[PDB]
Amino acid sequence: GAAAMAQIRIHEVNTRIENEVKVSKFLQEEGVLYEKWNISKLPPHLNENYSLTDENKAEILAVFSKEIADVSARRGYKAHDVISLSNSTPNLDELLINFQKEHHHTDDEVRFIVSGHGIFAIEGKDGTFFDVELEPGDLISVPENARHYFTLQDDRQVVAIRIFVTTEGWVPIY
């Protein structure tokens, strides 16, 4: 929907934080890095574009290269790429069930949304799960050892840049 930035839904009580400042203050308290990058830079032929060429991908990484350098140097990341998921993706179901289950990782999990939507569900330090619902222009870093899972929204499609330390730190520890 129409949200500009990320919003939070707390799990048991169902309450919502939507104000910009409170959202980022809240994520700060949970160790979740949040940044808003200037998505208006993205060329329009790359907006809501889900069948991505090798060229389209390289271009996407070219446009946010500065923002990537800054976050990769501030936080110690090394490599990056682009993935897209949609209803048309073969094995969608059999892929998603890997990130729909609660897992953690031994490195941070960093994603920047370019198109579509996602929801990260993160176990807060007080034991309660909260959602971060992401809009394009949203970069989130989910800290090492934090139990979480991932879900698409009802449009079942997302395009993202993944930033990682090593390929080997991507594994779900269930």
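Heads up: residue numbers just count along the shown sequence, starting at 1.
For the segment pair 127-135 and 104-112, the entry gives 104-112 the higher mean B-factor, averaged over Cα atoms. Between 118-126 and 51-59, it is 51-59 that carries the larger average Cα temperature factor according to the deposited entry.
The PDB entry assigns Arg9 a C-alpha temperature factor belonging to the middle third of its chain's modelled residues. In the PDB entry, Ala160 places in the lowest third of its chain by CA B-factor. Sort the modelled residues of the chain by CA B factor and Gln153 lands in the lowest third. Ranked within its chain, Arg147 lands in the lowest third, by CA B factor from the PDB record.
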